[PDB]
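Working notes, structure below.
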Amino acid sequence: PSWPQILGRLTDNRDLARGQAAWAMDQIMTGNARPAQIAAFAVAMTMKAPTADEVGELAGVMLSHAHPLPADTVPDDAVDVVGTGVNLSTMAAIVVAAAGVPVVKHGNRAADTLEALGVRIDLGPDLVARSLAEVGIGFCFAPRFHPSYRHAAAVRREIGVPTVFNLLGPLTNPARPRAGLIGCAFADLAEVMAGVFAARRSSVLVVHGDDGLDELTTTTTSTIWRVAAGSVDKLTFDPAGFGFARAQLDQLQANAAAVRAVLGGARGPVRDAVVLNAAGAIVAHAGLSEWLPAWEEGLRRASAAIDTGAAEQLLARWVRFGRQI
Amino acid sequence: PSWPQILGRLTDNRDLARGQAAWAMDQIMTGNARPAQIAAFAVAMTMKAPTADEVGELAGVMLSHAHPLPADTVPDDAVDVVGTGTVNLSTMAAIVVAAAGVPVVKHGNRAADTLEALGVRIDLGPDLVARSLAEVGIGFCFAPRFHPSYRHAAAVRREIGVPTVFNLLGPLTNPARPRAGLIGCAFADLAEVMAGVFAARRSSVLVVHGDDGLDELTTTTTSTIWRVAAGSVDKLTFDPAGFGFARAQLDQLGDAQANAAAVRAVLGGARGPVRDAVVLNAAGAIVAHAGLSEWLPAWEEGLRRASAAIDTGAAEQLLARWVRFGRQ
Ligand SMILES: O=C(O)c1ccccc1Nc1ccc(OCCCCP(=O)(O)O)cc1C(=O)O
Ligand SMILES: O=C(O)c1ccccc1Nc1ccc(OCCCCP(=O)(O)O)cc1C(=O)O
Numbered sequence: 025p026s027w028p029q030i031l032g033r034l035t036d037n038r039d040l041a042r043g044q045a046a047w048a049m050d051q052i053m054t055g056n057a058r059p060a061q062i063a064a065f066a067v068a069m070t071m072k073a074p075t076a077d078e079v080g081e082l083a084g085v086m087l088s089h090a091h092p093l094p095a096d097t098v099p100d101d102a103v104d105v106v107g108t109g116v117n118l119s120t121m122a123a124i125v126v127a128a129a130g131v132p133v134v135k136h137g138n139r140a148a149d150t151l152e153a154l155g156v157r158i159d160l161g162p163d164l165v166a167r168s169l170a171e172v173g174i175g176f177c178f179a180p181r182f183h184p185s186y187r188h189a190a191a192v193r194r195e196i197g198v199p200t201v202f203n204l205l206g207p208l209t210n211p212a213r214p215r216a217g218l219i220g221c222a223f224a225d226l227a228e229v230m231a232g233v234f235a236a237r238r239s240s241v242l243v244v245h246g247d248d249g250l251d252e253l254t255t256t257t258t259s260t261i262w263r264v265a266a267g268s269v270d271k272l273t274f275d276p277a278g279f280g281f282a283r284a285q286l287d288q289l295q296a297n298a299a300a301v302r303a304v305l306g307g308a309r310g311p312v313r314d315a316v317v318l319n320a321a322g323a324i325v326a327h328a329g330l331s335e336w337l338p339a340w341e342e343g344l345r346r347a348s349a350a351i352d353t354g355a356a357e358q359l360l361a362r363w364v365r366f367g368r369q370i
Numbered sequence: 025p026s027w028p029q030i031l032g033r034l035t036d037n038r039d040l041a042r043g044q045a046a047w048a049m050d051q052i053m054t055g056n057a058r059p060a061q062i063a064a065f066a067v068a069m070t071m072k073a074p075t076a077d078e079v080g081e082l083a084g085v086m087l088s089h090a091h092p093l094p095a096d097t098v099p100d101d102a103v104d105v106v107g108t109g115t116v117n118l119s120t121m122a123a124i125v126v127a128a129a130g131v132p133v134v135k136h137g138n139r140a148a149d150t151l152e153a154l155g156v157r158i159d160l161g162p163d164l165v166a167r168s169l170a171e172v173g174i175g176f177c178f179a180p181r182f183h184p185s186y187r188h189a190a191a192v193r194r195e196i197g198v199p200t201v202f203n204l205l206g207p208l209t210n211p212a213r214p215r216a217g218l219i220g221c222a223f224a225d226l227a228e229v230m231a232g233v234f235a236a237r238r239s240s241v242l243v244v245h246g247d248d249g250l251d252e253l254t255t256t257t258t259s260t261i262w263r264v265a266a267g268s269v270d271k272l273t274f275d276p277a278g279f280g281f282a283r284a285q286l287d288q289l292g293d294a295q296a297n298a299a300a301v302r303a304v305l306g307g308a309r310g311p312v313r314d315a316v317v318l319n320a321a322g323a324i325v326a327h328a329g330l331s335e336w337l338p339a340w341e342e343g344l345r346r347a348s349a350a351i352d353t354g355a356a357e358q359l360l361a362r363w364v365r366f367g368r369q
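Protein sequences appear in the order of chains A and B. Those letters in the first sequence? Residues 25 to 109, 116 to 140, 148 to 289, 295 to 331, 335 to 370, by full-length UniProt numbering. Those letters in the second sequence? Residues 25 to 109, 115 to 140, 148 to 289, 292 to 331, 335 to 369, by full-length UniProt numbering.
Below is the structure:
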C-alpha cells in the first residue's frame, strides 16, 4: 500500500479496498504521514463519500492505539452523550448519570465547560475509572488517551473545512461505551456514523436536528437513526408529541452559568432541551436490553433527576472528587 | 475570502465565485498557505471538476508572479510544443519545428532532463532565453528559474504524489507566453477545459489527446483534437492514416539517457514509428502556427516542412547549434 495508491483511488471516486483506510490511519498515527498527505486523505475521503466500512476502519485503528481504561472498570451499560460539534450535552450527561446510568464522556478543549464548573478534566485511566465508580460519571481527555492523533488533529484545524475526521471523536471514546446519544451536525454523514455503531452492535440514537443542531432540538423536528440489534432505523422525532412547546433557536463561563441554572431547577427551553437529550440517552441505554414507553420513562427519569436535586448534587460530588485527588 | 470558505464550497461540489481560485492560488504563491491548505485545495479543486474560468485564474496568478522575458524578445508567432504528461516526442517535435523556421519557446521542469542529457543548458535567466530564441530559434524556460514562489506548491505536489489540477497548468504558465502551440493532454475530460483556457486568451492551439491515452498525436489509433482559433473551439477526430502513416503499437513509442539516444537517432534520419510520431506532432504545431493568421492543405504543408527539416539535417544542425550556444 502507498499514499499515491490510496489517494489515487479516492480521487478516482472509488471506495477503498478492505484494509486500505486502516493502513492510512495507521500511517497517520505512527507519525509516518506528512501534513499534506493527511489533508489530502481527509478531503479526498470526504468528497468521495465515505462508507461505514471505511469510517469503521479509521475509528478501529485509533482505538487500537488508544490508552484503554483498566480491565473491568467500565460498566457494561455505560453511555456517551456527545455531538460532532456542548452546553446541552454536558448538562444531559450529568442528568443521565444522576438517573443512575453510568456516563463516560470523551472530549477536548476548543472540556472547557467542565473546567469552568470546577471539574478536573485531565485525568488518567485509573482516575477516570475511580470517578466512574465513585461519582457515576467520567471524562476522558482526548489528547491524553489519543496521543498519537496529534498530527491528525493539527491538520484538522489548519484546513478548517469539515471532513470525515469530524466523525471520529464520538466514534473513538476510549472507554468504549456500548450505548449513547450521539449528535451529528452533518445530515449526510449521520447515516454513515450510524452504520459504524451498528457494526459494533452498539445501542445508539444518532441525532440531527432538522434545524442543523447536533442535538435533539426543541425548535422543530429531529432526524434520528436508531441503532439496535446491528440494524439502523431512520425516524423523524417531534418533541410536540411529548408536550414540548416550540422554542426559538437563539434561546439555545457562560455555559457554566447555564448549567448551574438548569440543574438548579430553572424552567424554559434550555431545560426542555436538556431533558429531551437526557431522555434520548436513557432510551439508547434501554436498547442494550418499545419506543413510546421508553421515551416516556426516559423523560420521567430525566425530569426527576433534576427536580429531586440529584443532578445538582452529582455535579457537586464530581467537583469534590477532583479536588480530593 | 478564506480557506474554510473556498474549501467548503469545493467540498460541497460547487463551482467557485469569480476571483476565488485566484485568491487561493495567490495565497499559495506568496508563501501564505500551509502545506495542509495547499494539499486540501489541490485535491478539492481536482475532485470538484475544474472549470476553464477556474483554471484560467490559477494560471493567471502564476503568470502574474512569474519573471517575464524582456519586452519584444518573444516573436508574436512563437509556439509551444508540450504535453501535460512522451517528453521524447515533444522534445524532438520542438526541435524539428524550430528548424522549420517557427520560433519555439518551451517551459518545463526536471522529473528538461532529456535536453540536459543532450548537452543543452536548460537553466537560463530571461535575458539568455531571449538570446537563445533570437540566435538559435528555440528557447527553454526552466520552471524553477521563472516561477520561484511556486516551490511550496512543488513540495506538496511531490508529497501527495497523485495528479491534481496543478498538472494541467504547465502549458498554461509558459513565462514567454507563446500565442500558439501543440498541447497534449492525457485526460480527455480536462483537454476540453484546457482548450477553453487557451480560447479565452485567443491562442491558436491544437489541444490533442490520443484515443489510446497519449498526451500527443498518436499513430497507434485516432486522436481527438480541440482546435482553438478565433477564440472559438472546434472538436475533431483525427486519423493519421489519412496521411499514409502506418499504425504503430503503443510499446514502440525511457529515461533521459535513452531519450537522448532516440533524439539523436530520429534527427539523424532513422525511419520508423518514432520518426512518424515526431513528424506528425511537429506538423500539428506548424498547423497551430498557421492558425495565428484550410485544414487539410495546412497539414500537408506542415508534414512536408517537418519531414524536410529532418531530412535536410536542419533539425540535427539546430540541436548542435543549441548545444553550442550554451557553451558560448
Ligand atoms: O481533535 C480531534 O479531532 C481529536 C479527535 C479524537 C481524539 C483526539 C483528538 N484531538 C487531539 C488528539 C491528540 C492531541 O495531542 C496529544 C497531546 C498530548 C501529549 P501526551 O503524549 O504527553 O499525552 C491533540 C488533539 C487536539 O484536539 O488538539
Ligand atoms: O523544491 C523546493 O523546495 C525548491 C527549493 C528551491 C528552489 C526551487 C524549489 N522547487 C521548485 C520551485 C519552483 C518550481 O516551479 C514549477 C512550476 C511548473 C510546474 P510544472 O512543470 O509541473 O507545470 C518547481 C520546483 C520543483 O522542485 O519542482
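Where is the CB? At the ideal position from N, CA and C, for every residue including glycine.
- Listed along chain B, the residues sitting closer than 9 Å to A/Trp27 by beta-carbon distance are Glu195, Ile196, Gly197, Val198.
- Taking a beta-carbon distance threshold of 8 Å, A/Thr108 does not count as an interface residue toward chain B.
- Under DSSP, B/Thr273 takes part in a beta bridge, and its partners are B/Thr260.
- For B/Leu205, the shortest C-beta to heavy atom distance toward ligand 2 is below 7 Å.
- Neighbours of B/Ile62 in chain A, taken as residues whose beta carbon is under 9 Å from its own, are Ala60, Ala63 in chain order.
- As the crow flies, the alpha-carbon of B/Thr115 is around 11 Å from that of B/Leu286.
- Residues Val103, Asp104, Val241, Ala326 of the same chain have their beta carbon placed closer than 6 Å to that of B/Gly217, with the five preceding and five following residues left out of the count.
- DSSP links B/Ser268 through a beta bridge to B/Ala265.
- The continuous alpha helix (DSSP H) containing A/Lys72 extends over residues 59–72.
- Beta-bridge annotation (DSSP): A/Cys221 is not paired with any residue.
- B/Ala298 has its alpha-carbon roughly 19 Å from the corresponding atom of B/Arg368.
- Taking the beta carbon of B/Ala68 as reference, the chain A residues within 7 Å of it are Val67, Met71, listed in sequence order.
- In this structure B/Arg181 touches B/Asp159 by the C-beta definition: roughly 6 Å separates them, less than 8 Å.
- Close to A/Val79, with beta-carbon spacing below 9 Å, lies no residue of chain B; the smallest spacing is near 16 Å.
- Counting other Cβ atoms within 10 Å of its Cβ, A/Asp314 reaches 16 or more and is therefore classed as buried.
- With contact defined as three or more Cβ pairs closer than 8 Å, the segment 156–170 of chain A and the segment 198–206 of chain A are not in contact.
- Within the model, the alpha-carbon separation for B/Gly137 versus B/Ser185 is close to 15 Å.
- Only exposed fits B/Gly43, as fewer than 16 other CB atoms lie within 10 angstroms of its CB.
- A distance criterion of 7 Å places the beta-carbon of A/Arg181 in contact range of ligand 1, judged by its closest non-hydrogen atom.
- In the three-state reduction of the DSSP assignment, A/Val156 falls in the coil class, being assigned neither a helical nor a strand state.
- From the listed residues A/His245, A/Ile370, A/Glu228, the smallest Cα separation to A/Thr75 is found for A/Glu228.
- For B/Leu305, the nearest beta carbon of chain A is not closer than 8 Å to its own beta carbon.
- If one requires a minimum length of 3 residues, the beta strand (DSSP E) runs lying completely within the segment 162–190 of chain A are 174–178, in chain order.
- For A/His136, the uninterrupted beta strand (DSSP E) run begins and ends at 133–137, by DSSP.
- Scanning chain A for C-beta atoms nearer than 8 Å to the C-beta of B/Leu31 yields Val67, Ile196, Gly197, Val198, reported in chain order.
- For ligand 2, no non-hydrogen atom lies closer than 7 Å to the CB of B/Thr150.
- The shortest CA-to-CA distance from A/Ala95 to any of A/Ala60, A/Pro211, A/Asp77, A/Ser119 is the one to A/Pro211.
- Note that the segment 248–258 of chain A does not touch the segment 341–360 of chain A; fewer than 3 beta-carbon pairs, one per stretch, sit closer than 8 Å.
- The residues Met53, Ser185, in chain order, have a CB closer than 7 Å to that of A/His89 in the same chain once the five nearest residues on each side in sequence are set aside.
- Nearest CB-CB separation between B/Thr35 and chain A: below the 8 Å threshold.
- Closest by C-alpha distance to B/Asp248, out of B/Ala140, B/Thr353, B/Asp275, is B/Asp275.
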